[PDB]
Structure formats: structure tokens, C-alpha cells
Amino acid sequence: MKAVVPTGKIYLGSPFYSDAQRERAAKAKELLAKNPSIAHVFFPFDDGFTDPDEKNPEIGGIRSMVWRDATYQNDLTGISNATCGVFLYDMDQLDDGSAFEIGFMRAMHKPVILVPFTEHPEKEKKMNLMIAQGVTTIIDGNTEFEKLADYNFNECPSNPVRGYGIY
């Protein structure tokens, strides 16, 4: 039914190194900010843990175990707090972090919205079975990105992945 207050709490999973990825994430953020069903959005790369004992940290890049633990746990906490996952999913460069997180959320029985992106529509349209069956809602990033502004995250209606060859 119609929610009295917004209840949607989104875990936004995405790689964040290159341009386009960062641009995708930013646009996703604005779109979600326009959605009246959303109470909160968590994006892992926004904040960050600082290890006082960590000298000259990179990103390459050997990191302290304290930093690793704190950041990983910040992400798991984000998944725990979240009601649903929204993943900006690069089909050209598969991100195993995002896949890990999708599997994690599905094991918790939480709904997962997959938002796939490709710069090669001329190439074969294929998906790993675990992703294709694991995700509960697909919203195409190249053609339907704008739907993130209107999607009812209070209820997260299903939309099974179809039209992808499956391996």
C-alpha cells in the first residue's frame, strides 16, 4: 500500500575508479534523490575509514588489516541496514565485489535491483546464471536509467531477467 513515510533504504553497489563509473554513480545518486519512496541511500565510497597507524596509503596498494576490516565491515553494515540493493553493473568489466555483495544480499533474502551497463550493444547479450537468477529486478542502465527516480522502493516489485543468453 501507500507508505506513510518513505521506507526504502538502498545499498548502492558500484565500482568507483574510472570516469564513467564515477559519473554513473553520481547520476544514480541524483536519480535516487528524486525518488519519494527512499528514506536513505548508502554508497560505500562516500565516506571512509582512516587508520591512524597507516602510513602513506595508496589504492594499489597494500592496506593495513585494520583499514581492510573497518571498510569491509562498513560495507556489510550498509548491506545489513539496507532494505534492498541497487547495483550499477558493468557488463563489459565484471566486478566481483558487486557480485559478492549481490550474493550476500540474496542469502539474506533481500531484493536486488540490477542496473546493467554496456558500451558494446553490438556484442553478445549474456549473463552468468547466478546473477540472472539471483537478482529480483532488472532495470537497463543504458535505456531505462531514469526509472530509478520513480521505482517504488517501499515494495520493490519483481522483474525477472530475460533476453540474456545464460552461461
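From 1 onward, residues are counted along the sequence shown.
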{"property": "Greater mean Cα temperature factor according to the PDB record, 21 to 29 or 152 to 160", "result": "21 to 29"}
{"property": "Between the two ranges 58 to 66 and 123 to 131, the one averaging a larger CA B factor in the entry", "result": "58 to 66"}
{"property": "CA B-factor placement of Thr137, once the chain's modelled residues are sorted into thirds", "result": "lowest"}
{"property": "CA B-factor ranking of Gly8, expressed as a third of its chain", "result": "lowest"}
{"property": "Ranked against its chain, the third holding the CA B-factor of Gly103", "result": "lowest"}
{"property": "Record-listed C-alpha B factor of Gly48: chain third", "result": "highest"}
